[PDB]
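The structure appears right after this line, and notes come after that.
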Amino acid sequence: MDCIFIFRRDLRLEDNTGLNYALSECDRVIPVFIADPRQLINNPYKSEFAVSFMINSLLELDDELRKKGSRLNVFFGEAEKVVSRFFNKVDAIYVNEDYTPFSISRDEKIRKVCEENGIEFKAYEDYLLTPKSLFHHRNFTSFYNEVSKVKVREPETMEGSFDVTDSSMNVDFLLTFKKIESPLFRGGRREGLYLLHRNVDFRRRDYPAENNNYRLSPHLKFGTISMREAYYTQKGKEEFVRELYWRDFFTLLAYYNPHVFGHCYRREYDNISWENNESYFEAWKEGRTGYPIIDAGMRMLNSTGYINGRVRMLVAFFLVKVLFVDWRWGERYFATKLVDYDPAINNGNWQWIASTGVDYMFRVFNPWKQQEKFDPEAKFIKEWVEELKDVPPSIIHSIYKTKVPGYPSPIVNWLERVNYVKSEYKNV
Ligand SMILES: Cc1cc2nc3c(=O)[nH]c(=O)nc-3n(C[C@H](O)[C@H](O)[C@H](O)COP(=O)(O)OP(=O)(O)OC[C@H]3O[C@@H](n4cnc5c(N)ncnc54)[C@H](O)[C@@H]3O)c2cc1C
Ligand SMILES: Cc1cc2nc3c(=O)[nH]c(=O)nc-3n(C[C@H](O)[C@H](O)[C@H](O)COP(=O)(O)OP(=O)(O)OC[C@H]3O[C@@H](n4cnc5c(N)ncnc54)[C@H](O)[C@@H]3O)c2cc1C
């Protein structure tokens, strides 16, 4: 048959489930990418960094296609409407299903349009490491132990034929949306594999100053490499593989509990009276809070669109349990900066930290203790907080006692706040 494959979040030609079936089931396959205005224009949850990474990855994907006497066929508009106008005469349409409300309804509409035109619509599982039917767990540890026993499908690629549509635009069109690139990523599968092979001490992955994180999230989220590939390449590293499974967990959690997008996983907490002091929130986004480690984190994130998991949760903790600001505010702000923004993964993590999610205990961290343990030399802090650039570490770790020039002193006492926020939770 003459069919179409629509890329979305699986920006690669290797080990792409839906693409594989498409290549083996039809004679010619037209590789398509649809620039959707609901995602690229006036998206409150849009990240400029994430977009650049996607565009760059889309540019790289286009090269791989040209090396096969084809090219990426680009269209513009809402997915369902695009299919409707341009593909009404194609045989079938292949894709990889996703798990968010937006994605689910978008595919339902494409399905309707497909039935009323005689186009076969085939969606396949690809983003997850495990089959979705296998989910039915309260917490992560329960999930991992049960599902990790299952065998991960091995990467594979089918041979086929890539065709083109003269009408369609080409990747050049997408350059309008690439406005500001992360100095820390370049996108594409080639960079992805390079990162996948750096040998780091994952053991010390908590220390920001060190370089022990693979920085693979954006590549996994946008699919320059498959979940299965990351898995087999690192199969021997238990720590990394278990963390890889956290992606599946949060995705599936959201898939089976759509209400997380807008409400608390544990609904009762939808009654918390967030102080939401717009003033503190503004200080948090600018990294002008009085805590060095928190300031360093936000500042890095702002200019880079990335921060390791340790800083990520310290920052999230501080906004929710110390400045007492609704986690949804932080969720949205992050969605705005993360080069690796993933709706379900971002949501899952925020709720976890705000303890309105999968973690049922009311977890608390000591900013100063934390700061001093994971950045003993204050190297990370000095790298991102301009003003403390020359203050000796010893002082920085106690900067609440002093008051260096140009650096605001703590905007609140975390201890008193955390106690109040908790009482407010128990109150509920
Ligand atoms: C900034 C960005 C732009 C992208 N543009 C395209 C594109 O043009 N074409 C394409 O095929 N794929 C695009 N992608 C890839 C996208 O991840 C896949 O298309 C995916 O299948 C779509 O579902 P999503 O939930 O990730 O949509 P996303 O782009 O995250 O979001 C789509 C819609 O959901 C809203 N939304 C996102 N997060 C939240 C939240 N936490 N709470 C409430 N609402 C939220 C957005 O505002 C928008 O209205 C883009 C991804 C990002 C992060
Ligand atoms: C408040 C908060 C928001 C977050 N938002 C996102 C997000 O929007 N998109 C996203 O991809 N990750 C998010 N995470 C998870 C995690 O921080 C990032 O995946 C990680 O920092 C990416 O950098 P890395 O690849 O170097 O991770 P490293 O530790 O090198 O690699 C570990 C890998 O395991 C997985 N992983 C590790 N921690 C988590 C986690 N907590 N949740 C899910 N998967 C994990 C990822 O594949 C990650 O690449 C968030 C975490 C927190 C606490």
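The way I read the labels, and the way they are meant: chains A, B, ... in the order of the structure tokens, residue 1 as the first residue of every chain, and ligand 1 as the first ligand shown, with later ones counted on from there.
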
Write out as an NGL selection string which residues come within 7 Å of region 337-350 of chain A when counting only C-alpha atoms, dropping same-chain ones fewer than 5 positions away.
-> :A and (47 or 49-50 or 217-218 or 221 or 247 or 250-251 or 254 or 301-302 or 305-306 or 316 or 327 or 331)

So which residues are near ligand 1, meaning at most 7 Å away with only C-alpha atoms and all ligand atoms counted, given back as a short mmCIF file (atom, residue, chain, number, x, y, z; two decimals) with N, CA, C and O atoms, in the first residue's frame?
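Full text of out07.cif as output:
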data_model
loop_
_atom_site.label_atom_id
_atom_site.label_comp_id
_atom_site.auth_asym_id
_atom_site.auth_seq_id
_atom_site.Cartn_x
_atom_site.Cartn_y
_atom_site.Cartn_z
N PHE A 7 5.68 11.25 12.48
CA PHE A 7 6.60 11.38 13.61
C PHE A 7 5.99 12.39 14.57
O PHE A 7 5.24 13.27 14.16
N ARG A 8 6.30 12.26 15.84
CA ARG A 8 5.80 13.21 16.81
C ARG A 8 6.80 13.43 17.93
O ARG A 8 7.24 14.55 18.15
N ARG A 9 7.17 12.34 18.58
CA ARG A 9 8.05 12.34 19.73
C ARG A 9 9.05 11.19 19.61
O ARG A 9 9.73 10.84 20.59
N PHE A 33 5.83 15.04 9.45
CA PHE A 33 5.86 15.71 10.74
C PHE A 33 4.90 16.89 10.62
O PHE A 33 5.00 17.68 9.67
N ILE A 34 3.97 17.00 11.56
CA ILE A 34 2.99 18.07 11.52
C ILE A 34 3.25 19.10 12.60
O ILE A 34 3.21 18.78 13.79
N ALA A 35 3.51 20.34 12.18
CA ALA A 35 3.74 21.45 13.10
C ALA A 35 2.35 21.90 13.55
O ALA A 35 1.60 22.49 12.76
N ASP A 36 2.01 21.61 14.81
CA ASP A 36 0.70 21.93 15.36
C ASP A 36 0.68 23.25 16.13
O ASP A 36 1.36 23.40 17.15
N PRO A 37 -0.12 24.22 15.66
CA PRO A 37 -0.24 25.52 16.31
C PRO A 37 -0.67 25.47 17.79
O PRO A 37 -0.41 26.40 18.53
N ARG A 38 -1.32 24.38 18.19
CA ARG A 38 -1.77 24.23 19.58
C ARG A 38 -0.59 23.95 20.48
O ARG A 38 -0.67 24.14 21.69
N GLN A 39 0.51 23.52 19.87
CA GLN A 39 1.73 23.20 20.59
C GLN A 39 2.82 24.25 20.37
O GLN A 39 3.59 24.55 21.27
N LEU A 40 2.87 24.83 19.17
CA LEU A 40 3.91 25.81 18.87
C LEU A 40 3.56 27.29 19.01
O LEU A 40 4.47 28.12 19.14
N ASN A 43 1.18 28.46 23.57
CA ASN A 43 1.13 27.27 24.38
C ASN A 43 1.67 27.77 25.72
O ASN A 43 2.85 28.12 25.84
N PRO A 44 0.82 27.84 26.73
CA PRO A 44 1.32 28.31 28.02
C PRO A 44 2.41 27.38 28.59
O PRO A 44 3.25 27.80 29.38
N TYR A 45 2.39 26.12 28.17
CA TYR A 45 3.34 25.14 28.67
C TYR A 45 4.52 24.90 27.75
O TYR A 45 5.23 23.89 27.86
N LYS A 46 4.74 25.82 26.83
CA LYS A 46 5.82 25.66 25.88
C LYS A 46 7.17 26.14 26.39
O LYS A 46 7.27 27.15 27.08
N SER A 47 8.20 25.39 26.03
CA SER A 47 9.56 25.69 26.40
C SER A 47 10.32 26.03 25.11
O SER A 47 10.27 25.27 24.15
N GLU A 48 11.01 27.18 25.09
CA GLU A 48 11.76 27.54 23.89
C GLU A 48 12.93 26.58 23.73
O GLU A 48 13.26 26.18 22.61
N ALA A 50 13.16 23.39 24.72
CA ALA A 50 12.65 22.11 24.25
C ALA A 50 12.36 22.14 22.75
O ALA A 50 12.68 21.20 22.02
N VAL A 51 11.76 23.24 22.30
CA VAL A 51 11.41 23.39 20.90
C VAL A 51 12.64 23.39 20.00
O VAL A 51 12.65 22.75 18.95
N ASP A 98 0.48 7.82 22.21
CA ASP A 98 1.08 8.50 23.35
C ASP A 98 0.08 8.33 24.49
O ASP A 98 -0.96 7.71 24.31
N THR A 100 -1.12 11.07 26.87
CA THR A 100 -1.67 12.25 27.54
C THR A 100 -3.02 12.59 26.94
O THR A 100 -3.30 12.29 25.77
N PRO A 101 -3.88 13.23 27.73
CA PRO A 101 -5.22 13.62 27.26
C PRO A 101 -5.17 14.23 25.86
O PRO A 101 -5.89 13.82 24.94
N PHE A 102 -4.30 15.21 25.69
CA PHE A 102 -4.16 15.88 24.40
C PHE A 102 -3.85 14.89 23.30
O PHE A 102 -4.43 14.95 22.21
N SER A 103 -2.94 13.97 23.58
CA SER A 103 -2.55 13.00 22.59
C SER A 103 -3.65 12.01 22.30
O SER A 103 -3.84 11.58 21.17
N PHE A 261 -3.49 15.93 35.71
CA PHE A 261 -3.26 17.16 34.98
C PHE A 261 -4.30 18.20 35.36
O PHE A 261 -5.30 18.37 34.68
N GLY A 262 -4.06 18.89 36.47
CA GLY A 262 -5.00 19.89 36.92
C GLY A 262 -5.43 19.72 38.36
O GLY A 262 -5.81 20.69 39.01
N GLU A 331 4.99 23.56 38.32
CA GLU A 331 4.88 22.61 37.22
C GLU A 331 4.90 23.35 35.90
O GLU A 331 5.66 23.00 35.00
N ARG A 332 4.05 24.38 35.79
CA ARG A 332 3.97 25.17 34.58
C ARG A 332 5.25 25.94 34.29
O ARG A 332 5.70 26.01 33.15
N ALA A 335 7.71 23.60 32.85
CA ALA A 335 7.30 23.22 31.50
C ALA A 335 7.78 24.29 30.53
O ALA A 335 7.99 24.05 29.33
N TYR A 341 11.12 18.76 28.88
CA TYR A 341 9.75 18.73 29.37
C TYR A 341 8.88 17.55 28.93
O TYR A 341 8.66 17.32 27.74
N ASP A 342 8.39 16.82 29.92
CA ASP A 342 7.50 15.70 29.68
C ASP A 342 6.29 15.90 30.60
O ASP A 342 6.41 15.78 31.83
N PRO A 343 5.11 16.21 30.03
CA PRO A 343 3.91 16.44 30.83
C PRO A 343 3.71 15.49 32.01
O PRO A 343 3.60 15.94 33.15
N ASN A 347 4.75 16.33 35.82
CA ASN A 347 3.63 16.33 36.76
C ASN A 347 3.86 15.35 37.91
O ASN A 347 3.72 15.72 39.09
#

Extract, using only C-alpha atoms, all DNA, RNA and protein residues at most 10 Å from residue 154 (chain A), discarding same-chain residues fewer than 2 positions from it, and format them as an NGL selection string.
-> :A and (15 or 151-152 or 156 or 228-229 or 231-232)

Can you write out the residues you just picked, keeping N, CA, C and O atoms, as a PDB file, in the first residue's frame?
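Written file, result18.pdb:
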ATOM      1  N   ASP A  15      14.902   1.449  15.453  1.00  0.00           N
ATOM      2  CA  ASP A  15      14.032   0.905  16.494  1.00  0.00           C
ATOM      3  C   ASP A  15      12.821   1.775  16.773  1.00  0.00           C
ATOM      4  O   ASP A  15      12.566   2.185  17.899  1.00  0.00           O
ATOM      5  N   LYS A 151      10.730  -9.303  30.156  1.00  0.00           N
ATOM      6  CA  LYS A 151      11.833  -9.067  29.244  1.00  0.00           C
ATOM      7  C   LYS A 151      11.564  -7.919  28.297  1.00  0.00           C
ATOM      8  O   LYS A 151      10.552  -7.905  27.607  1.00  0.00           O
ATOM      9  N   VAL A 152      12.486  -6.967  28.263  1.00  0.00           N
ATOM     10  CA  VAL A 152      12.372  -5.813  27.389  1.00  0.00           C
ATOM     11  C   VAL A 152      12.593  -6.235  25.936  1.00  0.00           C
ATOM     12  O   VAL A 152      13.526  -6.969  25.635  1.00  0.00           O
ATOM     13  N   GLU A 156      15.238  -3.103  17.003  1.00  0.00           N
ATOM     14  CA  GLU A 156      15.252  -3.687  15.674  1.00  0.00           C
ATOM     15  C   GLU A 156      14.734  -2.679  14.662  1.00  0.00           C
ATOM     16  O   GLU A 156      13.999  -1.754  15.010  1.00  0.00           O
ATOM     17  N   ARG A 228      14.276   1.280  24.669  1.00  0.00           N
ATOM     18  CA  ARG A 228      14.822  -0.059  24.569  1.00  0.00           C
ATOM     19  C   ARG A 228      16.327  -0.031  24.291  1.00  0.00           C
ATOM     20  O   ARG A 228      17.075  -0.876  24.792  1.00  0.00           O
ATOM     21  N   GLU A 229      16.770   0.937  23.493  1.00  0.00           N
ATOM     22  CA  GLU A 229      18.183   1.055  23.183  1.00  0.00           C
ATOM     23  C   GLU A 229      18.951   1.500  24.423  1.00  0.00           C
ATOM     24  O   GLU A 229      19.993   0.940  24.746  1.00  0.00           O
ATOM     25  N   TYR A 231      18.143   1.076  27.366  1.00  0.00           N
ATOM     26  CA  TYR A 231      18.096  -0.057  28.266  1.00  0.00           C
ATOM     27  C   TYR A 231      19.158  -1.108  27.991  1.00  0.00           C
ATOM     28  O   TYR A 231      19.904  -1.478  28.877  1.00  0.00           O
ATOM     29  N   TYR A 232      19.227  -1.603  26.772  1.00  0.00           N
ATOM     30  CA  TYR A 232      20.202  -2.631  26.485  1.00  0.00           C
ATOM     31  C   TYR A 232      21.646  -2.169  26.528  1.00  0.00           C
ATOM     32  O   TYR A 232      22.545  -2.935  26.848  1.00  0.00           O
TER      33      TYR A 232
END

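Surrounding region 180-183 of chain A within 6 Å are residues 49, 52, 185 and 304 of chain A, with only C-alpha atoms counted and residues fewer than 2 positions along the same chain left out.
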
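Picture a line from atom 8 (O, counted along the ligand's line) of ligand 2 to CA of residue 179 (chain A); it runs 20.1 Å.
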
Write out as JSON, numbers by chain the residues lying within 7 Å of residue 322 (chain A), counting only C-alpha atoms and excluding same-chain residues fewer than 3 positions away.
-> {"A": [318, 319, 414, 417, 418]}

Which one is closest to ligand 2: A:363, A:426, A:403, A:215? Count only C-alpha atoms and all ligand atoms.
->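 Closest residue, counting only C-alpha atoms and all ligand atoms: A:215.
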
Find the residues near residue 24 (chain A): any atom within 7 Å, counting only C-alpha atoms, skip ones fewer than 4 places away on the same chain, and give them as JSON, numbers by chain.
-> {"A": [20, 158, 159, 160]}

Using only C-alpha atoms, determine which residues lie at most 10 Å from region 93-96 of chain A, disregarding the query and same-chain residues fewer than 5 positions distant; provide the list as a PyMOL selection string.
-> chain A and resi 2-10+16-23+29-31+83+87+107+110-111+114+119-127

Work out how far CA of residue 368 (chain A) is from CA of residue 393 (chain A), in Å to one decimal.
->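 Taking CA of residue 393 (chain A) and CA of residue 368 (chain A), their separation equals 12.2 Å.
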